[PDB]
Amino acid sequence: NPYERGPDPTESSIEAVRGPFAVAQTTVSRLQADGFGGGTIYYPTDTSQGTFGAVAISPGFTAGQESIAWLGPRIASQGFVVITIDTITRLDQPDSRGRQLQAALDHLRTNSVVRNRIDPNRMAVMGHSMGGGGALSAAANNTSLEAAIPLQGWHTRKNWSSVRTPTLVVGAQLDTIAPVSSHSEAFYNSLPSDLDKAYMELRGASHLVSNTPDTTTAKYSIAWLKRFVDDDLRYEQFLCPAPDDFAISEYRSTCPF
């Protein structure tokens, strides 16, 4: 595997707030952003290992970058280029959020400080709430994307049988804004039964668990991005079988991957 970056993983390593890679950051202004509201790009300084996969993360309804900012460096320090985005308007709906994630990803292709540090062929999308519904429609409209991770996703669209991208559905057990029964789980169920997918439910969690550093969210997002953006078989051990995790209320997957 030429996409493997960094040492072998442990539970501590995926749980760390920072991985082995030192990180820096650029900002894309609202004007500099074609198709999205700007954002911050976190990237590893070490190029000696090779180019890195790319991830775009969208916030939720009326939310901005600060709701998801902690995910940027935490994930980038594992070996990824991560852009946390603002939306064009604060009221943008999930379908619009998917395009803004795709245009944020596209913007990375041409970014001066980043394009040499990116493998443009290996990209992923994430999002909280309507931004998670954002992530799903971005995958449903780009079968080349490598991973999709809706975090307590919200979407009026329940059928995702067209998604061909490995998808990790992170639900909050006590979510009342996007309850897992009619959102997260419904998304997982309607994903192709043949897809590499997994549903993970955080025990006792509210809708807002993704808006503050949550170690369970980060550690399994990292494993999922490693396993499927890098084809890094070293990280399958954390996904298959169900994590031995108390923070996890429920879990179903299509393991083995």
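From 1 onward, residues are counted along the sequence shown.
Stretches 122 to 130 and 137 to 145 differ in mean CA B factor, with 137 to 145 having the higher one. Across the two stretches, 166 to 174 and 82 to 90, the PDB entry reports the greater mean Cα temperature factor for 82 to 90. When the C-alpha B-factors of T62, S29, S221, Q49 are ranked from the entry, the top spot goes to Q49.
Within the listed group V113, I75, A103, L151, the record reports its top CA B-factor for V113.
Remark: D232 belongs to the middle third of its chain, ranked by C-alpha B-factor as recorded.
Ranked by C-alpha B-factor against the other modelled residues of its chain, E66 falls in the highest third. Annotation for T215: CA B-factor lies in the highest third of the chain's modelled residues. Ranked by Cα temperature factor within the chain, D196 sits in the lowest third according to the deposited record. Placement of the Cα temperature factor of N189 within the chain: lowest third of the modelled residues, per the deposited record.
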